[PDB]
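Below you will find one chain, with nothing else, as structure tokens; this is the form deposited in one PDB entry, and questions on how it binds or moves follow later.
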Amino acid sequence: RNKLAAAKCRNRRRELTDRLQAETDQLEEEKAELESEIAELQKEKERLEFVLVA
């Protein structure tokens, strides 16, 4: 077999892929926080608007 070929392929020169992967993760977390904040704020807008109509 040749598992060592593929494993060695993935192991050398990986600072790029790992740096890209890290940044990719960070953006998915930021994108999660922004979405929860938009959810939180929209509840507020719903909540506040409901008080005005009274």
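For the two forms, the rigid core is made up of the largest set of C-alpha atoms that agree within 1.5 Å on superposition. Residues that one form lacks are left out of the comparison. Residue indices: 1-based, along the sequence shown.
Averaged over their C-alpha atoms, the temperature factors of 14-22 and 29-37 are higher for 14-22. For the two regions 5-13 and 39-47, the entry's Cα B-factors average higher over 5-13.
There is also a form deposited in another entry; it is not shown, and the following applies to it.
Residue showing a CA shift of 2 Å or more between this form and the one not shown (rigid core superposed; candidates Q42, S36, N11, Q21): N11. Note on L27 and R12: their C-alpha atoms are nearer in that other deposited form, a change of at least 3 Å from this conformation. In that other deposited form, the Cα-Cα separation between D25 and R10 grows by 3 Å or more relative to the displayed conformation. Taking the core as reference, just one block of three or more adjacent residues between this form and the one not shown has all its Cα positions offset by 2 Å or more: 1-13.
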